[PDB]
Amino acid sequence: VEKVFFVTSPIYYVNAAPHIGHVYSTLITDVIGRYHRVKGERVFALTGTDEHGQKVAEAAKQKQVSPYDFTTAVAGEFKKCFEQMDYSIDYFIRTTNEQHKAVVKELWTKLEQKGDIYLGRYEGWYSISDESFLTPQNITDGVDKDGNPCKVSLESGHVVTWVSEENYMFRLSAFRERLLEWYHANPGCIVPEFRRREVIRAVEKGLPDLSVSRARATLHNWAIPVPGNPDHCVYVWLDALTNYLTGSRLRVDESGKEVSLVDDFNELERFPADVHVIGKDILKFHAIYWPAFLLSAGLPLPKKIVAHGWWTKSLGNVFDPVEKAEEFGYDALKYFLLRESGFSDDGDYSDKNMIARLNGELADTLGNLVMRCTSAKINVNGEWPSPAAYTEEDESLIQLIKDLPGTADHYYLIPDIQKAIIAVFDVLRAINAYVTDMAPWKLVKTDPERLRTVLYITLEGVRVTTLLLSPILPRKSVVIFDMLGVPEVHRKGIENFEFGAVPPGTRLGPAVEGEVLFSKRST
Ligand code: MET
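Residues numbered from 1 in each chain as written, not as in the entry; some residues may be left out. Heavy atoms only, no water. Residues with missing side-chain atoms left out of burial classes, pairs and counts.

In the PDB header, X-ray crystallography is given as the technique by which the entry was determined, and 2.3000 Å as its resolution.

Take a look at the structure:
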């Protein structure tokens, strides 16, 4: 069925300033959203801040400022960061928002009515920094700020404390069979695949019930009250995960402010998420807890959870994304982050490798090709020529260009943005090779008829590759299209994935004295 394509980032803890992890997660979310908008679909892309809980309230206390003031200020820092990064997110949600709290209370009440919440106790380990319950098998020995013997989390390395409280408990154990059914019936619902296998193994072993409330004193009263019991607060993660539901129900105006909360999610056609973008650090919450809550409430499950390789959320290793983007370019940094790494940590993020990709891929492969086909020396009439008859070599390149949208489409839908980029650049390399073989600079004098054909194919290859790279290079793609003289109507829509969508006779855009797309930088 036709619906609004709904893509989300995690909502980030506001204990600290925005950093590369947050920017990376929201970048992926943004790229996916952009691709679906270029495809001509309706899109709602969501990001925001996770503002309640012990961790935030303790950070507020450290800075000697109220939780209200602290969260509002740090949220403002996140908004500013994402504006500076030139994202195109449709809404920024904050869990302190009154409409979100109403949704949390609805969902809580639904779970309780279904018989899935009971009053019990949690006695066990807890990482405040991850807001995560841990079993004894997931802890080990380590050290704290004092350098004194303490327990730490195996998953994250943060300090764990023993908790013994009477707590509202969600009957997670009862959802094991249904979760396993879901994973097996939808074998692309978690990506990448090895992370799907991890989740399945964990659920097969068995699920304990889950504490979904805490004593109010423990959280410094900085959380959502349990409906019908003011002494208890809603677990920060049930609160947090519900943001996706709240977002799916907010009507938003032209300026991006929330103006209304609808009763029925179906009214806005967003829920459930088509893609939840997350870091590997929060996989269990999204692939186990979240769907169990939705199953309890009788709500539809998300289509895909994609978990990337970075562990999101003084030592002398600073990476400021705004600083690096001011140095190397915003689109270039975005390209680098999405190209350098797939679902690993193992990528190299040095200035050396950044420069190597800028120079070799963006400047030498893409930019060079754009200048060649728009150059006055080669394109003497400053237009899209009408092609003459095609050779076999012409047809081999044309075939690559025609196959590219379908290939790139599949990669974007996985989603696997690294492979989408690689596929496009494989075609760009082939076009370059073709240009080198045809030597159009010699044809200008020798064989003008032949040049028409070569020039046309080259222009069309640059257009199609650029269209498919426009989610990755949103600003530079616009520059490229302006140079090519591609009318606005042809810059989006699946109709324009087709070879030959821009007619011969189309005039190129004006030139500038010494304009460069991507300036190469010192080795
Ligand atoms: C429902 S997404 C919550 C993510 C969490 N606040 C984090 O920063 O890891």
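Participant: Is there a simple way to explain the sheet that holds strand β1 (residues 5-13) in this structure?
Facilitator: In a beta sheet, neighbouring strands are held together by backbone hydrogen bonds and run either parallel or antiparallel to one another. Within the open sheet, the 6 strands sit side by side as β3-β2-β1-β16-β17-β9. Their pairing is parallel. Looking at which strands have only one partner, the edges of the open sheet turn out to be β3 (91-94) and β9 (190-191). (Pairing = 2+ DSSP bridges. Helix = DSSP H or I, 4+ residues; strand = E, 2+ residues; numbered from the N terminus.)

Participant: What is the right way to read the site of the ligand from this model?
Facilitator: Surrounding the ligand, one finds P10, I11, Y12, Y13, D50, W237, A240, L241, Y244, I282 and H286. In the environment of the ligand, an oxygen atom lies 3.4 Å from a nitrogen or oxygen atom belonging to the backbone of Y13. Listed by contribution, the elements that provide at least two residues to the shell around the ligand are β1 and α7 (236-241). For the shell around the ligand, the element with the highest residue contribution is β1, accounting for 4 residues. Tallied by class, residues from the shell around the ligand come to 9 nonpolar, 1 polar and 1 charged. (Near = heavy atom within 4 Å. Polar contact = N/O pair within 3.5 Å; in protein donor to acceptor, adjacent residues only side chain to side chain. Nonpolar A, V, L, I, M, F, W, Y, C, P; charged D, E, K, R; others polar.)

Participant: Which parts of the structure should I look at to understand the pattern of salt bridges?
Facilitator: Inspection of every chain in the model, using the stated rule, returns 26 salt bridges. Put simply, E106 and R249 hold a salt bridge, and the shortest N to O gap is 2.9 Å. Of this pair, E106 sits in helix α4 (residues 98-113) while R249 sits in the loop between α8 (243-247) and β14 (250-252), placing them 143 residues apart in sequence. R249 gets classed as buried once you look at its relative accessible area, which sits at 4%. Among the salt bridges present, the one from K324 reaches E327, with a minimum N-O distance of 3.9 Å. With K324 and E327 both in helix α10 (residues 321-328) and 3 residues apart, the pair spans about one turn of that helix. (Salt bridge = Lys/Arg side-chain N within 4 Å of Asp/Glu carboxyl O. Buried < 20%, exposed > 50% of the residue type's maximum accessible area, 1.4 Å probe, protein only.)

Participant: How do you make sense of the packing of aromatic side chains when you look at a structure like this?
Facilitator: Geometry of an aromatic ring pair is reported as the spacing of the ring centres plus the angle between the planes. Here the structure, examined in full by the defined rule, presents 27 aromatic pairs. Aromatic pair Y12 and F82: ring centres 6.1 Å apart, planes at 80 degrees, arrangement edge-to-face. Within this pair, whereas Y12 is found in strand β1, its partner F82 is found in helix α3 (residues 67-84), the two being separated by 70 residues in sequence. For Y12, a relative accessible area of 3% corresponds to the buried category. Accessibility expressed as a relative area gives 7% for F82, which makes it buried. Centre to centre, the rings of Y456 and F499 are 6.1 Å apart; their planes meet at 85 degrees, and the pair counts as edge-to-face. With a gap of 43 residues between them, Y456 in helix α16 (residues 448-469) and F499 in the segment after α17 (474-484) connect regions that are remote in the sequence. Classification of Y456 by relative accessible area gives buried; the value is 4%. By way of ring pairs, the aromatic residues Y12, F78, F82, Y87 and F92 are connected into one cluster. (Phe/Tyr/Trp six-rings, centres within 6.5 Å; stacked < 30°, edge-to-face > 60°.)

Participant: Sorry if this is basic, but what is going on with the sheet that holds strand β8 (residues 160-170) here?
Facilitator: Spatially, β5-β4-β8-β10 is the arrangement adopted by the 4 strands of the open sheet, whose pairing is antiparallel. Edge strands, defined here as strands with exactly one partner in the open sheet, are β5 (132-134) and β10 (210-211). Here strand β4 (residues 117-127) pairs with β8 via 11 bridges, running antiparallel. By the bridge assignment, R121 is partnered in β8 with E166.

Participant: Please clarify how the environment of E155 should be interpreted in this entry.
Facilitator: Within the secondary structure, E155 sits in the loop between β7 (149-153) and β8. Taking relative accessible area as the criterion, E155 reaches 47% and is therefore assigned partly exposed. Along the backbone, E155 and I139 are 16 residues apart, and their C-alpha atoms lie at a distance of 8.1 Å. Setting aside residues up to four positions removed in sequence, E155 forms contacts with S132, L134, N138 and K284. Of the polar contacts made by the side chain of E155, one reaches the side chain of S132; its length is 3.4 Å. (Contact = heavy atoms within 4.5 Å.)

Participant: Help me out: how do you make sense of the side chain of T365 in this one?
Facilitator: Looking at the secondary structure, you find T365 in helix α12 (residues 351-374). Sequence-distant contacts of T365, that is, excluding residues within four places in its chain, are made with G360, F425, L428, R429 and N432.

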